[PDB]
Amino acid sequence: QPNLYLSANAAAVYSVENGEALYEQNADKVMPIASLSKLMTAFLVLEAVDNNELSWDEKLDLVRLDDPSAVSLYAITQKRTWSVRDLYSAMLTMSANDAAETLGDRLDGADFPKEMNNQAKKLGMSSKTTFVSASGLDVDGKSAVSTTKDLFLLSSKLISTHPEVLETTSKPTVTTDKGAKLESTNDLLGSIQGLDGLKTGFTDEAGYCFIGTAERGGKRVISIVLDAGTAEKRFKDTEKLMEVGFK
């Protein structure tokens, strides 16, 4: 494998076709993942719509977060009622934590972390993965953790099961029906040709994290960057991983 000099502590890029690694650094090491948890929440929201168990047009009131300081749709808008569609978009574009928690609570109430971990097992993720909340916020001091290998398995399963997820994560801005603008945290959209996802994350413990995905000519790759040093460097790391991915 090539000799990359990444900011990330743990990183890898995989070809979706055979699931095989084109670069791996610390790909078995258990890492905090933070807002990357929202990809499991998206999967379960998309499953519930397909199962005739949830409506895109259902109106829900945002749940209140124990810390009013965290990134939240409510603080940006002063608007409490939102459709499932817009909460889903907010979760994936700007990483609104209260959107993610409102969706998880609607799906399974208090038991939603159990459902995330049940589904982690069904998707082939190892027992090193632990989800604690729909948003990736710590609960009872407990943090969501995984590995780049398990994160790949979740990502590729999300994309092959619900390809329409990329219709949301490929957009630099999502405008809801009523005109609210939801700006994506993925600053590489429009910079790498073929890049259409997937999810950012950051906490002090997790560092700056990003799962990316791009397809050129039938070939899809998924890159995972964990614990980069700055908000810009997880993207510079991704640029290097995409270059290896399409070599």
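So that the term is clear: the rigid core is the largest set of C-alpha atoms that superpose within 1.5 Å between two forms. From 1 onward, residues are counted along the sequence shown.
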Root mean square C-alpha distance from this form after a core fit in 4 other deposited structures of this protein: higher for 78-86 or for 170-178?
170-178
Higher avg CA temperature factor (146-154 vs 104-112, as deposited) belongs to 104-112
Segment of higher mean CA temperature factor, 220-228 or 17-25
17-25
Per the entry, which of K171, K122, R85, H162 tops the list for Cα B factor?
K122
C-alpha B-factor winner, where the candidates are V132, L166, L73, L92
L73
For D61, the third of its chain into which the C-alpha B factor falls
middle
Split into thirds by Cα B-factor across the chain's modelled residues, where does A96 land: lowest, middle or highest?
middle
By the entry's values, the third containing the CA B factor of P68 is the highest
Chain third (lowest, middle, highest) by recorded CA B-factor, residue given as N117:
lowest
Lowest, middle or highest third - CA B-factor, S191
highest
